[PDB]
Amino acid sequence: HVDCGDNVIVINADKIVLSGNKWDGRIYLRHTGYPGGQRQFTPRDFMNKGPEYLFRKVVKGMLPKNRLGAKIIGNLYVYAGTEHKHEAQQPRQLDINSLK
Amino acid sequence: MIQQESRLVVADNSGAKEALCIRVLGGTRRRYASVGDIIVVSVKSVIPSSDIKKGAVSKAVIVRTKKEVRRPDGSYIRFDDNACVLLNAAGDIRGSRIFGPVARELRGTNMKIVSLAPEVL
Amino acid sequence: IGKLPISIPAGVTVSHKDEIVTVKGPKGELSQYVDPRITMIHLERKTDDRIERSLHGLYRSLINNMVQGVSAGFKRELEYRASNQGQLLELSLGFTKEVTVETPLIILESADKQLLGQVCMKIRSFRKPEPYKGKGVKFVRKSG
Amino acid sequence: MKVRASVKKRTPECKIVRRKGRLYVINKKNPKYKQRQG
Amino acid sequence: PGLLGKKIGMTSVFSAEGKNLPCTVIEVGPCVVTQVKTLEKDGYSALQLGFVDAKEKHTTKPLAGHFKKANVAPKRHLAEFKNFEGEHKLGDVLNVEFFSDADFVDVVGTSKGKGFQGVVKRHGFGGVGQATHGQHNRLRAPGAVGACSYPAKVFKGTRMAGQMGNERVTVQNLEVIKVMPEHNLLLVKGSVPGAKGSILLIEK
Amino acid sequence: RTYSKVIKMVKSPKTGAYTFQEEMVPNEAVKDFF
RNA sequence: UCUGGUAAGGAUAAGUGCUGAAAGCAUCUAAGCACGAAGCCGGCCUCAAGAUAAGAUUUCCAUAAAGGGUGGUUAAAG
RNA sequence: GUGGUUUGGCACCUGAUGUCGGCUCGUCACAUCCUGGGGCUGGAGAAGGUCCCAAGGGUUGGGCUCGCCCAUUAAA
RNA sequence: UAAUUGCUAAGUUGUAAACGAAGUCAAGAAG
Ligand SMILES: [K+]
Ligand SMILES: [K+]
Ligand SMILES: [Mg+2]
Ligand SMILES: [Mg+2]
Ligand SMILES: [Mg+2]
Ligand SMILES: [Mg+2]
Ligand SMILES: [Mg+2]
Ligand SMILES: [Mg+2]
Ligand code: NA
């Protein structure tokens, strides 16, 4: 019941990999709330809009669906390159392959 | 401004006296016909010993309108009646004389033989 | 097919570099993009699987086509008027680099077989042969 | 082109191909034998 | 690119070939450049133009400082225009001669306000039934507003009574009859939105 | 019959293949196109 | 009474093709590449930062008239 | 085999789930009437016929009460 | 995000048939 996790900065986010034909074959559906208002989009459309939008869409969905999850998703920072400005926080480098 | 069920004078020397507009030709939901427009009519009254029979469905061209017609030069013309001229299947005058004036717009309606008219206004 | 040697003739030199392998010869310089699974010219298929075999045969055929294109080149002849000066849109049948054309018949010569085929197909797409009567662009029927 | 659930090469000259997940029968000599939807 | 204007009224004139042309008179007036927006600072290129001369009595201190920086007399109406061929600086003046080589213009205005309007005037509803033949009290009613329990809701976008007019409207491709620089006048064929004295945007 | 079809080959901007671009032009105006 | 709806910028459907193996042939396809619809995403018009991811730019900064409110004369605004 | 749109079978919900057509206002599907693109034709051309893709927008007014008739329309 | 060995390339999957083509992997028989 407490926000007790880390603040995560993801770098090199445009080099993420999707296997199979999921870059264009995975169909995301949404609705505008108007009649005849279902719309389609793809992970490619998300990535063209920006890596952070695709990453946020995926991580939400794996987070809890409540107020705590809505706050927790705000601790994720996603960047295409290696250039981010988070000095004076001294983020430590975590090897993602070490976590199991 | 002639629509379905409007009654017109027949302004030629054919047998018909009065006609009833059945349909305004030219498109879906086309409401009104003016001078130079082609309509379908039913003949309502004829003279005794008339070539055309009462109840005959025919085509006609409108030559006089009570509602006023606007010309591009800022002028307007209106008549005291609503008058048409009957046509055959080929699109030509059924008769040989025209009674009363006709609108000047009929010159450009490929209807030049209505130059039988006493006066073109 | 994909295992036969590909002899390089005199005047044509083929260099392999960074999967952008280019053959520069007498009649032009052509390029190709072999795969890691693919390796005179001697092909070498790493595995015997279906994908490896198909890729090996395809790449060997492409290399041989490149060698023939640089060395001897290719020509196609096709059968309303025609033109000689403006080789973009100058033919009259109805109304309204890297290749050479001749002056009705047309002879078109080049070094890239795919480009030559595309250009010939586009030239012949203007008027296909008519089954009703023999008419239209043809390479050098039924009663109605 | 004819669409049916059962395609067969009724003639030696007919050939069976697969294109983008569909099955076609092609015949250049006479194109009225062409079928699809294997 | 374009300029701010004021609608004067309508008249009808005669062309050279003898055609009665309806005509709207617009005072396009000298517009002064009051701000240059750039990609480096603002993120997009545009020019801000001011139209009608104001007074210090009706200029607030922030806007007074804005005009002081532009080094122009205070203006009443400000609007932004993009895709200006030719460079323009702070304080430059543009007049109705800007339209001296245009055959057609676009006019943006605010339409006349109708207030709250029913479905018949607002959306052209046909009305329920006839005036007679058993009519009780639904002559200008909307009729049904949905289907039965299966949707069990009124859809979004259902046409209903409400505020009509008093909104931004664009009229496209109005032919230009004459440019009159001596009076800052523009004559267009046809009608433009709004009442007399309303402020218009005229785009080339 | 002054109009005429004009198709010109040009390298692709995203692939690099000699694609075709076609337009109608006047008979005298073909010089500007090609 | 004026004005508008066109065309197809991009990716495609059914189809048309280039080169080409598996399968020395063939094959529009498995590697690549051209095309190809009123359909799809745009372009056009209106709204739109409570877009709580609450954005940007210019200018001014407390008391009189920095900004407002209440009030008055009113409006093609309601 | 599919659908549930016809005639049925069952009797599971119901101290009221209250009524056929027409009007008004719609909304969706595509099993496509028109308009757009294609394959085959026993397709000379022109008319067509059948099949495939395609749901954007359109898809009349009358004399009679599912249907018939009159006059249209790109289509009804 | 265990260990080992296969199969699938269809996102099949992680919760319908007569009839086609045999896409792929094995196990064979005749020739
Ligand atoms: K509901
Ligand atoms: K389940
Ligand atoms: Mg008002
Ligand atoms: Mg009424
Ligand atoms: Mg009553
Ligand atoms: Mg009443
Ligand atoms: Mg029982
Ligand atoms: Mg009860
Ligand atoms: Na599935």
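The figures that follow rest on heavy atoms only: side chains count, while hydrogens, waters and symmetry mates do not. Every chain is numbered from 1 and lettered A, B, ... according to where its sequence line falls, protein lines coming before strand lines.
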- Nearest-Å distance once atom P is located in both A54(H) and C30(H): 9 Å
- Query: Counting only Watson-Crick or G-U wobble pairs whose two distances fall under 3.5 Å, which nucleotide matches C35(G)?
  - Reply: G15(G)
- Task: Check every strand shown and say whether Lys114(E) touches a base, only sugar-phosphate, or nothing at a heavy-atom separation below 4.0 Å.
- Result: sugar-phosphate
- Item | Sugar of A22(I), sorted north or south by the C1'-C2'-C3'-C4' dihedral sign | south
- Could you check which of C61(G), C2(G), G26(H) has an atom nearest any side-chain atom of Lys61(E)? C61(G)
- Query: In terms of the nearest nucleotide of RNA chain G, which residue is placed more toward the 5' end: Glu167(E) or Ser111(E)?
  - Reply: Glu167(E)
- Message: As a test of reading the structure: which of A34(G), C28(H), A21(I) is closest to the side chain of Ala17(F), going by heavy atoms?
- Response: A34(G)
- Message: I want to verify a distance call: between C40(H), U46(G), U59(H), whose nearest atom is closest to the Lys32(D) side chain?
- Response: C40(H)
- Which part of the nucleic acid does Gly194(E) contact within heavy-atom distance under 4.0 Å: base, sugar-phosphate only, or nothing? nothing
- Query: Roughly how far, to the nearest 0.5 Å, is CD of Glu52(A) from CZ of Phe46(A)?
  - Reply: 11.5 Å
- Query: Below 4.5 Å, heavy atoms only, C-beta onward: do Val40(B) and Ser58(B) meet side chain to side chain?
  - Reply: no
- Rounded to the nearest 0.5 Å, the CZ atom of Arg56(A) sits from the OH atom of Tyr53(A) at a distance of 9.5 Å
- Query: Contact class for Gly36(A) vs. all strands (heavy atom < 4.0 Å): base, sugar-phosphate, or nothing?
  - Reply: sugar-phosphate
- May I ask you to verify whether the side chain of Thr28(B) and the base of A76(H) hold a donor-acceptor pair under 3.5 Å? yes
- Item | Single hit among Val107(E), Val108(E), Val192(E) for side-chain contact (heavy atoms from CB on, under 4.5 Å) with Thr170(E) | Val108(E)
- Task: Between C44(G), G26(H), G67(G), spot the one nearest the side chain of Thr60(E), thanks.
- Result: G67(G)
- Query: Separation of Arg19(D) atom CZ from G39(H) atom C1', in whole Å?
  - Reply: 13 Å
- Between the side chains of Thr42(A) and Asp45(A), does any donor sit under 3.5 Å from an acceptor? yes
- Rounded to the nearest angstrom, tell me the gap between atom CG in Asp95(A) and atom P in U1(I). 16 Å
- Taking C1'-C2'-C3'-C4' positive as north and negative as south, where does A26(I) sit? north
- Would one find a side-chain N or O of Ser191(E) under 4.0 angstrom from OP1 or OP2 of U1(G)? no
- Task: Give a single yes or no on stacking for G17(G) with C18(G), with the cut-offs at 5.5 Å between ring centres and 30° between planes.
- Result: yes
- Message: Side-chain N or O of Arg29(B) versus OP1/OP2 of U59(H): is the shortest distance under 4.0 Å?
- Response: yes
- Task: Write down the distance separating the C1' atoms in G43(H) and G49(H), rounded off to the nearest Å.
- Result: 10 Å
- NA contact type, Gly26(B), heavy-atom cut-off 4.0 Å: base, sugar-phosphate, or nothing? sugar-phosphate
- Between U12(G) (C1') and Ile27(A) (CD1): distance, integer Å: 13 Å
- Query: Looking only at whether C1'-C2'-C3'-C4' is positive or negative, is the sugar of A46(H) north or south?
  - Reply: north
- Do we see a donor-acceptor contact under 3.5 Å between the side chains of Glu167(E) and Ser111(E)? no
- Does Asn65(C) make a side-chain N or O approach to OP1 or OP2 of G20(G) shorter than 4.0 Å? yes
- Message: What's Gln163(E) touching, base or sugar-phosphate or nothing? Going by heavy atoms closer than 4.0 Å.
- Response: sugar-phosphate
- Note on the structure: Checking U19(G), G68(G), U58(G) against the side chain of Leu62(C) (C-beta onward), the nearest is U19(G)
- Check: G39(H) base within 3.5 Å donor-acceptor of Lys34(D) side chain: no
- Note on the structure: Here the distance between atom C1' of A76(G) and atom CD1 of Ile8(E), to the nearest Å, is 14 Å
- Message: Categorize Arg30(B) for me: base, sugar-phosphate, or nothing, with a 4.0 angstrom heavy-atom threshold over every strand shown.
- Response: nothing
- Would one find a side-chain N or O of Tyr24(D) under 4.0 angstrom from OP1 or OP2 of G15(G)? yes
- Task: May I ask you to check whether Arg30(A) and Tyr28(A) show a side-chain donor-acceptor distance below 3.5 Å?
- Result: no
- Item | Heavy-atom closest contact (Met10(E) atom, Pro22(E) atom, distance) | CE-CB, 4.4 Å
- Item | For atom CD of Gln35(E) and atom P of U58(G), their distance in whole Å | 7 Å
- Write down the atom of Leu174(E), the atom of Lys189(E), and the distance for their closest heavy-atom approach. CD2-O, 3.6 Å
- Item | Euclidean distance, atom CD1 of residue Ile22(B) to atom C1' of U60(H) [Å, nearest integer] | 15 Å
- Message: Once you apply a heavy-atom cut-off of 4.0 Å, does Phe116(E) come out as touching a base, just sugar-phosphate, or nothing?
- Response: nothing
- Can you tell if the side chain of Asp106(E) reaches within under 4.5 Å of the side chain of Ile202(E), non-hydrogen atoms only? no
- Query: Applying a 3.5 Å limit to both distances, which nucleotide forms a Watson-Crick or G-U wobble pair with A66(G)?
  - Reply: none
- Message: Under 4.0 Å, heavy atoms only, any strand: does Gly113(E) hit a base, just the sugar-phosphate, or nothing?
- Response: sugar-phosphate
- Task: Return yes if some donor-acceptor pair links the side-chain N/O of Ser198(E) with the main-chain N/O of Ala195(E) below 3.5 Å, else return no.
- Result: yes
- Item | Spacing of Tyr34(A) atom OH relative to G26(H) atom P, expressed in whole Å | 15 Å
- Based on the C1'-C2'-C3'-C4' dihedral, does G58(H) have a north or a south sugar? north
- Given the cut-offs of 5.5 Å for six-ring centres and 30° for planes, are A64(G) and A65(G) stacked? yes
- Report the pucker family of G11(I) (north if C1'-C2'-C3'-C4' is positive, south if negative). south
- Query: Considering only heavy atoms from C-beta outward, does the side chain of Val41(B) approach that of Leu20(B) to under 4.5 Å?
  - Reply: no
- Query: Can you find a heavy atom in the side chain of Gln135(E) that is under 4.5 Å from one in the side chain of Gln130(E)?
  - Reply: no
- Inspect the six-membered rings of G36(G) and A37(G) and say whether their centres lie under 5.5 Å apart and their planes under 30° apart. no
- Base, backbone or nothing for each nucleotide of nucleotides 49-55 of chain H, written B, S, -, heavy atoms under 4.0 angstrom, 5' to 3'? ---S---
- Message: Taking the six-membered rings only, are the centres of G42(H) and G43(H) under 5.5 Å apart with their planes within less than 30° of each other?
- Response: no
- Note, RNA chain H 5' to 3' with Watson-Crick or G-U pairs under 3.5 Å encoded as ( ), [ ], | and . gives ................................(((.(((((......)))))...))).(((((..))))).....
- Give a yes/no on whether any side-chain N or O of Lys41(E) is located under 4.0 angstrom from OP1 or OP2 of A56(G). no
- Query: Has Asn75(A) got a side-chain N or O lying under 4.0 Å from the OP1 or OP2 atom of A53(G)?
  - Reply: no
- For adjacent nucleotides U72(H) and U73(H), indicate whether their bases are stacked under the rule of ring centres within 5.5 Å (strictly under) and plane angle under 30°. yes
- Measure from NE2 on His58(E) to P on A65(G) and round the result to the nearest Å. 15 Å
- Between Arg30(B) and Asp37(B), does at least one N-O distance fall below 4.0 Å, as a salt bridge requires? yes
- Message: Does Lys59(B) reach a base, just sugar-phosphate, or nothing at all? Heavy atoms under 4.0 Å.
- Response: sugar-phosphate
